[PDB]
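The structure appears below as structure tokens.
For clarity, chains are labelled A, B, C, D, E, F, G, H, I, J, K and L in written order, and residue numbers in each chain start from 1.
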Amino acid sequence: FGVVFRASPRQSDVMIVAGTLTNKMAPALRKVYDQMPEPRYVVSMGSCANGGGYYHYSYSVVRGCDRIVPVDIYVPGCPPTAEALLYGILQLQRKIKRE
Amino acid sequence: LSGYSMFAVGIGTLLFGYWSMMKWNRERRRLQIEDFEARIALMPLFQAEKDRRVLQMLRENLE
Amino acid sequence: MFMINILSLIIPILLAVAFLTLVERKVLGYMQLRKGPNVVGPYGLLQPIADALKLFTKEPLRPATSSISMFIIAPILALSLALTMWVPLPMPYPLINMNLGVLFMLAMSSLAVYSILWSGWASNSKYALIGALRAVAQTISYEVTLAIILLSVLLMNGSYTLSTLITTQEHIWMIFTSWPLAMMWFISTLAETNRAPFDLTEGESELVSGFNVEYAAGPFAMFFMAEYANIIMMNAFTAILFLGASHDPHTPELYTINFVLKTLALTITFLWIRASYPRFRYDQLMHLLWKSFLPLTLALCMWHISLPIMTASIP
Amino acid sequence: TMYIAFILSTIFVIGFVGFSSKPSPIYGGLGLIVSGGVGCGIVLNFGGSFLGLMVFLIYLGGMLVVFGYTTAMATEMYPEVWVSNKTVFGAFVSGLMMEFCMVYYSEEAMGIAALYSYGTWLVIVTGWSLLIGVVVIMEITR
Amino acid sequence: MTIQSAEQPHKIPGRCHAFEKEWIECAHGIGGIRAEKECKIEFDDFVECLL
Amino acid sequence: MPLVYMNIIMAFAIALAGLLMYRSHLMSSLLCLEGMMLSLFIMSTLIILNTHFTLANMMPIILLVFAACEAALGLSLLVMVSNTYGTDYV
Amino acid sequence: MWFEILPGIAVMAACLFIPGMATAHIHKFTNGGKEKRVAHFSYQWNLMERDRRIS
Amino acid sequence: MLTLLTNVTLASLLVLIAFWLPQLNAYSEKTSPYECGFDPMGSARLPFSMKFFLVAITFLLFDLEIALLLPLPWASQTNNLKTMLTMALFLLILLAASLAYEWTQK
Amino acid sequence: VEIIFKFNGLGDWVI
Amino acid sequence: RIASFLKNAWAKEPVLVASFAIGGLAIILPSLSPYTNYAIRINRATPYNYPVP
Amino acid sequence: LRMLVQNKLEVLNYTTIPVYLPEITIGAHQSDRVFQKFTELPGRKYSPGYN
Amino acid sequence: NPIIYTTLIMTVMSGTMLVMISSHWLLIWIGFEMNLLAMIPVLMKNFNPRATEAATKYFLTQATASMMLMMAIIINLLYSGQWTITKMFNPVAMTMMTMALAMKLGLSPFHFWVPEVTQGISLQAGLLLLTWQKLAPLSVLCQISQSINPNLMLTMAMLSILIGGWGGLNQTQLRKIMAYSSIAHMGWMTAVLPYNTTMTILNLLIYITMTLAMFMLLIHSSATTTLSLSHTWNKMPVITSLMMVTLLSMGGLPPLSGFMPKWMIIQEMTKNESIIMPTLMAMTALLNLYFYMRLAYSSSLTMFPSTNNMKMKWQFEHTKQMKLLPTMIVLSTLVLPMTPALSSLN
């Protein structure tokens, strides 16, 4: 589909946020999001960081991934099947195409 | 397979290489030297031409 | 109309680096069983231009900490020399008949990496500086052996002019004569170009995209592009220099038809190397060179100095 | 005519104007790069091509790189650009006005091939010299 | 390695071989001192040969 | 003497004055010295190209060698001085 | 399958094919089929020196 | 010189179409240097190593040597090779010798 | 040129 | 016994061994070859310069 | 280091540093005299092998 | 290890012998150049935080000197197309060859590096620096005495003597003083050089013999700072009682050998008329003498108070005798009624 995982945000755009987020971790996340070039996107993934998901009630989680970055598409799952993810990103393209 | 076979094939490739390269290189040396006779035959009248042409330009510019 | 000849040298090659990228993901894909890019093509073919457009369209930030002048001038030099090295290359007829253009290939190749040094210096980042530095280490460390073995394979063609190097291969090919030097030339081209096992400049997982990081959109496209320029170019260079071919002057085109094969046959191999070996680490990368390649390069060098006298076979 | 060799000499001299002024060694390294390519071009114009490519290779392709190492060992935070001090920039202008006042005012092949057969002595002393220079580098760093 | 002439590979002439040759043939037993007097003219023509 | 030579000589004079104005960390001085070296090289080679004084075609490269050689030495001393301070001439 | 790589690679070849042709014929186009002339040495240039004026 | 100019102007053209095109919003912290997320502990300073120059200098003194190796192909055709040949070997021996000396003084 | 010592002037080609 | 540690070095540092091998052999061999006398002789034969009468 | 172990005065070479504290230092008369006395001993006039 | 140290020192000897042999200029500049590389490391033995910047001084000045020299050679070639030594043919070049050599000798006002560098190294490397390094540049000056521009030479030749004086009255630690002694004698060598080289070479031989005498003595006592020298009168009285004499021979008190240089020099220059210059020169040489005398007062003539700790050291004979020494004393002193033999130098 042409998408290719390349490290270092400056050479990348869309961002996947797989897996549970935590408190200490969050500021680094905001850093990385800020250092991306426009037109940056992100993608919340799983029940993980859509809103804490399983770990919704703990002192160290930061509920949704939404509360630190402006998410685009959500891909609910726990884990989402990789294919449901694939439908996710294709849906992302069907959202860029409307840009 | 066997290690001796490796060196054997390699070194044989080398010597065949040196051999053919020797033949061809010598032959090209011959056609070269013949080309040097060619130019060496051409030369003198060019010497004459450049001669007269120089004295010509020198005269003209002097005038 | 020499200008249109030059333009005719520069456009097709850029097209070639683009499609080189695509081939890279293709073959390197099929080594992995997985198919490479495909969906956008139909055979992927349209991809690289979509890629480049994605880059140049994308915002290329000027970093707050970076000095700007070096930061901009480096990519320029990268594509510059990456293209300029192409000029004196006999295909069959060189665009320029340099009396000693091989040595010039070394000159361009040697100013190449300096751009890397600036690329990592002005980038200001920690990863930038460390990666750039180790990069320059491996590079120079390979240019010495590089130039020596190239010398030793050039004692026998006759002279530094390139076209003659065709003439000296009207039969056997150089490679059968001195393949071990061809090995070392190959690997030195495999490291000088900063490729697969000798992977360090990009660093990758070792240093998250190395020196190249802080560059964003366009300049990144320039270093990327120039890198592939050097890869195909050293490949072509090896091709003409170690693999001769029949050449009828009346039909030059025939020769070229052969030549792009013989060089492409090399470039693919780098990709088929990339799919195969883990990278060396900066110690061993220089260890094998200074300890192991080099002494053979010397012994082979005296040997090749000495054949023409013993064989009475002076070019 | 074109005076192209001469204008190359001019760019050369300003290459030393920005170079001899002393604004962090790295930019001076740029100064010798510019002056380097200009140099090889100038000597190329008389057709001693092999030499111009020696300097364009052996010098610039060698030296200024190793200087691109010394600065890694020296640097210091906030290196100065040419514009970053009154004496440095003052110096650069000081060169420009002078040089501007001035403006207001093959044989080689066998020639160097001779080095081996016909000039063994120099080869001896250069060999010996470089060798013991390596020894000196040892006896300093160790 | 000394001198403009003095046998050079493939007998390539110096650009100013002649004035030099004359000027040196002028120079022997005269030795250094008187030589800067008497041989001056030859050296002069050699100078203009050089520059 | 043709103006070009005068220009290179002047580049030497600047390549010296720069060495002697001599300021802050000394690495600049090894640069300025190498620049000086390069000017002498070029000024030599233009001459040997001029009169076809062929044997001397060997000198410039040999010149270059030792000259580069000493500079190659020079950095090493700087290392040592850099080793105890983080260099400055001051 | 793997053969499907080919559309990707052939496009390479033709691109690289172009300069090799494009220069070689431009020479003949300019030189009138004389297939260019190298002049590595002063002498050969002296032959092109004697020439042009002769025509 | 013509091809040099067309190449450099080409590249510079790519630069200018690279910057003056996306036409969007640069701002602080976006422009802050990358450091794998968390902010840098300090601007780049002194990654000192003797192990840099201890070899890199040796590079420089080999490169000077190969500079002398270059005349060789042409020197090979000299009229008197026995006068030459020793030297042709000689430098290489010293090259090797130099290396050898380094090889084992650690 | 009056500086230091005379610079003969004109174009480079002449020599 | 000196032959024995050749087995050792050949077991240990083969690259270097081959290096000394051809590296020395290239020095000793050439004097042996008769062709060498021809080899210099060929370069007497070819005349870049004109043969003045 | 082995060279330093031999020729012991060297290991002693800095132990007679001149700093001139009143308790250590001695006026010239007493020293000239006492050393004049040291020579009086049978084994000290000359190097040991010669005496 | 000695096996490498000796190769360095021998390649220094070679690096000077080469200057003394070759006629071609390029081999001379090679002679100095090889000399340099082989001179720096030997200054770096033992290695001190101090010694390092000593070598930095030395290298930095020698490098720039060699640079100016090569430039002036190239200019000479440009205006005469030669490489043989002989006369130079362009005064603007010639003055620079004189300058470059003026740094290489350390003559004033180029001199400032020499007192400092001497401070930074041990008396072995020191002695060798003040003797062997003085050969080569003189070895070329004798060859270009024919065309020297005497004004330029006598000015540095004098100023070397004044600076070699005034900077000598001021210091305590001996090495810096030895530096000003040598920097002063070089004025006397390079003074007479335009007029008659054989007198130069004579004076050179005496100077080398002398400074060999001193540095062998300082080695023998391991004295350095003046006070450190002061103690030695009680331990091994002889050698202080001999430093007195060799110092006086530096001073050129007339029975002594060191008078032979000056008194031939005064002769030669006097044939040239030039009568005033030697008078000023000879008068200042006195000023040079005076700190040799004060240094004599610290040492042998008077007894500075001994330290107690010295007593144990009395039991222990000095070792590692330096064979060449006694002759270096004696030749540098008693030889005066053997001046005429100087004509052996023709």
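Operating definition for what follows: contacts are C-beta pairs under 8 Å (C-beta built on N, C-alpha and C of every residue); 3 or more make two chains touch, one makes a residue touch a chain.
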Chains contacting each of chain D and chain G, listed by label: C
Joint neighbours of chain J and chain C, given as chain labels: B, H
Contact-richer chain pair (by C-beta pairs counted) among B-J and F-I: F-I
Chain C and chain I, separation of their C-alpha mean positions in angstrom: 45
Distance between chain centroids, defined by C-alpha means - chain F, chain J (Å): 39
Rounded Å distance between chain A and chain B, as computed from the means of their C-alpha atoms: 69
Centroid spacing, where centroids are CA-atom means, of chain A and chain I in whole angstrom: 72
Sites on chain J at which at least two other chains make contact: 23, 26-27, 30, 36, 39, 42-43, 48
Where chain E touches two or more other chains at once, by residue number: 1, 4, 8-10, 12, 16, 50-51
Chain L, residues touching no fewer than two other chains: 26, 30, 33-34, 37, 40, 81, 83
Complex contacts: residues of chain F adjacent to chain H: 61, 64-65, 68-69, 72, 75-76, 79, 82, 86
For the chain D and chain I complex, residues of the former touching the latter: 1, 3, 5-6, 45, 102, 105
Touch list for chain H against partner chain A, complex: 22, 24-25, 29-30, 32, 34, 37-39
Contacting residues of chain A [partner chain H, same complex]: 8-10, 27-29, 31-32, 34-36, 38-39
Contact footprint of chain H on chain C as seen in their complex: 2-3, 6-7, 10, 56-66, 72, 75-76, 79-80, 83-84, 87, 95, 103, 124-130, 133, 137, 140-141, 143-144, 147-148, 151, 154-155, 158-160, 208, 213-214, 217-219, 221-222, 286, 290-291, 294-295, 298, 301-302, 305-306, 308-309, 314-315
